[PDB]
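Q: Structure provided below as structure tokens; questions to follow.
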Amino acid sequence: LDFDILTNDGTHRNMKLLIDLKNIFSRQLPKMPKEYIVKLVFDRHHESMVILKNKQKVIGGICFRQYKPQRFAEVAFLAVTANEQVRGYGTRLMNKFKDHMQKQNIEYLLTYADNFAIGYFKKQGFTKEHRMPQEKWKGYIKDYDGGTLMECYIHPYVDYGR
Ligand SMILES: CC(=O)SCCNC(=O)CCNC(=O)[C@H](O)C(C)(C)COP(=O)(O)OP(=O)(O)OC[C@H]1O[C@@H](n2cnc3c(N)ncnc32)[C@H](O)[C@@H]1OP(=O)(O)O
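For what it's worth, this note's numbering labels the leading residue of the sequence shown as 140, then goes sequentially.
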């Protein structure tokens, strides 16, 4: 079981994996326009960390976008395939992601969660109250009046994915 950052480098291997991830996202986030998922997963600003089983099968992942100078990242999509849920993978994935963000010098994660997903994020340390001022991400991350913007601080010397 590996947690690798997938790069859209135009190779058959990585491309297949990103498509596989994309299909998991659309399956688990049914109300999300599939063409939109495709757009973000394959654009040049987004990266995806996948849960790789047997070094070939994608069973879940997180698609995110780093705003490097600002030191924050938005979690665009997150999911574990249905037949692999409730096995601790979702949590292991987030811990691996936080460890990576810490190494990438990212200070905060932001994500718009679906009412049903809010609980998962709260479990991972995300909160509805923000320690980061609105002015800071405004202009980089879209401000939707109809979703719940959640935030998670990534401490520079806390041991994640331990
Ligand atoms: C921006 C984002 O995309 S928002 C949408 C997030 N994605 C989804 O909702 C997609 C559908 N869901 C999924 O793909 C999965 O259920 C995930 C990623 C939410 C969680 O993955 P799993 O492999 O099942 O996670 P894992 O088993 O490690 O979770 C363990 C803990 O998370 C909690 N948890 C997981 N899913 C949920 C949920 N939907 N609601 C509430 N709590 C949840 C478990 O209750 C558990 O609590 P515990 O450790 O005290 O027992």
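For each residue, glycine too, the CB sits at the ideal point set by N, CA and C.
Would you say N244 lies against chain D (beta-carbon separation less than 8 Å)?
A: In the structure shown, chain D cannot be found, because there is only a single protein chain.
Q: With a threshold of 6 Å on Cβ separation, who are the neighbours of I163 within its own chain once the five nearest residues in sequence on each side are excluded?
A: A218, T220.
Q: Whose CA, out of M171, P169, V180, lies closest to the CA of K155?
A: The candidate whose alpha carbon is nearest that of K155 is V180.
Q: Can we count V197 as close to ligand 1, meaning its CB is less than 7 Å from some heavy atom?
A: Checking every heavy atom of ligand 1 against the Cβ of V197, none is found closer than 7 Å.
Q: Please list, following the chain, all residues that have a C-beta closer than 7 Å to any non-hydrogen atom of ligand 1.
A: Result (chain order): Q167, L168, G199, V214, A215, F216, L217, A218, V219, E223, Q224, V225, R226, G227, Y228, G229, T230, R231, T250, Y251, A252, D253, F255, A256, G258, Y259, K262.
Q: I'd like the list of long-range same chain contacts for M240, defined as Cβ closer than 7 Å, with 5 residues on each side in sequence excluded.
A: Within the same chain, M240 has close Cβ partners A212, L248, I293.
Q: By DSSP's criteria, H151 is part of a beta bridge. Which residues make up the other side?
A: According to DSSP, which records beta bridges pairwise, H151 is partnered with nothing at all.
Q: By the 10 Å Cβ neighbour count, where 16 or more other Cβ atoms means buried, how is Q263 classified, buried or exposed?
A: The residue is buried, with at least 16 neighbouring Cβ atoms inside 10 Å.
Q: Got a sec? Which residues, its chain only, sit under 7 Å from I280 by beta carbon, not counting five neighbours each side?
A: So the qualifying residues of the chain are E213, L249.
Q: Starting from the C-beta of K207, find all residues in its chain whose C-beta is less than 7 Å away, skip the five residues before and the five after it, and write them out in chain order.
A: So no residue of the chain qualifies.
Q: Where do the ends of the beta strand (DSSP E) carrying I176 lie?
A: Not the beta strand (DSSP E): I176 falls in the alpha helix (DSSP H), residues 173 to 180.
Q: Pull up the CB-CB distance for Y259 and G286, whole angstroms please, since I reckon it's below 8 Å.
A: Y259 to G286, Cβ: 15 Å. No contact.
Q: Give me whichever residues DSSP pairs with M188 in a beta bridge.
A: Paired residues: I144, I201.
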